[PDB]
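Both ligands and their constituent atoms are indexed starting at 1 by order of listing. Note that the numbering runs from 1 along the sequence shown for the chain.
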Amino acid sequence: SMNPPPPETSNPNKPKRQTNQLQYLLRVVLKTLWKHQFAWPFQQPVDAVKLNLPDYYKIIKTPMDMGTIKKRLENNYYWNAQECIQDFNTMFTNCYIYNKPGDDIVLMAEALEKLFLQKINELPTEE
Ligand SMILES: Cc1nnc2c3ccccc3c(-c3ccc(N4CCOCC4)c(NS(=O)(=O)c4ccccc4Cl)c3)nn12
């Protein structure tokens with residue numbers, strides 16, 4: 001029971017939207033990060049059971065990962081690009097909360113974060 005239920009990827013009440021920016025977030029931004037050598041720890045919810053991290057969810061109360069973001073984009077869960085960007089941002093800050101500066105996982109997150117900022121600087125004007 002160490003793992004909480006994963007974040008929702010669809011919700012019957014939450015309104016859905018599609019935009020060219022959200023398409024870009026899936027097809028370019030998420031894809032670019034997903035395929036990076038350092039992606040793997042970020043591709044699914046942290047499994048505190050498999051990784052033997054019994055304190056992870058004692059500390060992190062707003063977990064977020066790229067697997068969840070990918071499904072959310074595929075499901076048109078977000079109203080706009082900012083909601084999606086917020087999830088990526090939570091993902092990175094979580095890592096910096098839980099881990100010490102200079103840990104390998106943190107260096108990985110930092111590299112992905114840099115790339116993320118490069119990609120969202122090219123987010124297209126909404127059409
Ligand atoms: C995200 C996140 N934030 N903190 C962590 C973290 C902190 C301590 C140990 C692991 C993590 C992980 C993490 C999540 C998944 C994985 N893998 C998923 C695929 O199957 C092999 C394991 C890993 N791999 S891992 O080999 O444990 C590892 C990765 C990076 C740096 C150090 C280590 Cl020891 C690491 N992800 N993570």
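Contact annotation: for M108 versus ligand 1, heavy atoms closer than 4.0 Å belong to the side chain alone. Only the side chain of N99 comes within 4.0 Å of ligand 1, counting heavy atoms alone; its backbone N, CA, C and O stay farther away. Counting heavy atoms closer than 4.0 Å to ligand 1, residue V46 contributes side-chain atoms (C-beta onward) but none from N, CA, C or O.
Residue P41 has at least one heavy-atom neighbour below 4.0 Å for each of these atoms of ligand 1: 1 (C), 13 (C), 14 (C), 15 (C), 35 (C), 36 (N).
Inclusion of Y98 in the set of residues having an N or O under 3.5 Å from an N or O of ligand 1 is not warranted.
There is no protein heavy atom closer than 4.0 angstrom to atom 28 (C) of ligand 1. When distances from atom 37 (N) of ligand 1 to the protein are checked, a heavy atom turns up under 4.0 Å.
Atom 19 (C) of ligand 1 has its closest protein heavy atom at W40 CD1, 3.9 Å. What sits closest to atom 32 (C) of ligand 1 on the protein, heavy atoms only, is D104 CB, 4.5 Å. The protein heavy atom nearest to atom 5 (C) of ligand 1 is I105 CG1, 3.7 Å. Looking only at heavy atoms of the protein, atom 1 (C) of ligand 1 is closest to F42 CE2, 3.6 Å. Protein heavy atom closest to atom 22 (C) of ligand 1, with residue, atom name and distance, is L51 CD2, 4.0 Å.
A salt bridge does not link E110 with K114: every distance from a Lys NZ or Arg NE/NH1/NH2 to an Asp or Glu carboxylate oxygen is 4.0 Å or more. Look at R17 and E83 and you find no salt bridge, because none of the NZ, NE, NH1 or NH2 atoms lies under 4.0 Å from a carboxylate O.
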Using the side-chain contact (heavy atoms from CB on, under 4.5 Å) rule, take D65 and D87 through it: C-alpha gap first, then chi angles, then the decisive distance, then the call. CA-CA 8 Å; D65 67 281; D87 281 343; over 6 Å; no

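Side chains of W34 and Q43 form a contact here, defined as non-hydrogen atoms less than 4.5 Å apart. A 4.5 Å side-chain heavy-atom check between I60 and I97 finds at least one atom pair inside the cut-off.
A distance of 7.5 Å separates NE2 of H36 from CG of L33, quoted to the nearest 0.5 Å.
At least one cation-pi condition fails for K71 and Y77: the charged atom is not both under 6.0 angstrom from the six-membered ring centre and inside a 45 degree cone around its axis.
Donor-acceptor pairing under 3.5 Å is lacking for the side chains of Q21 and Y78.
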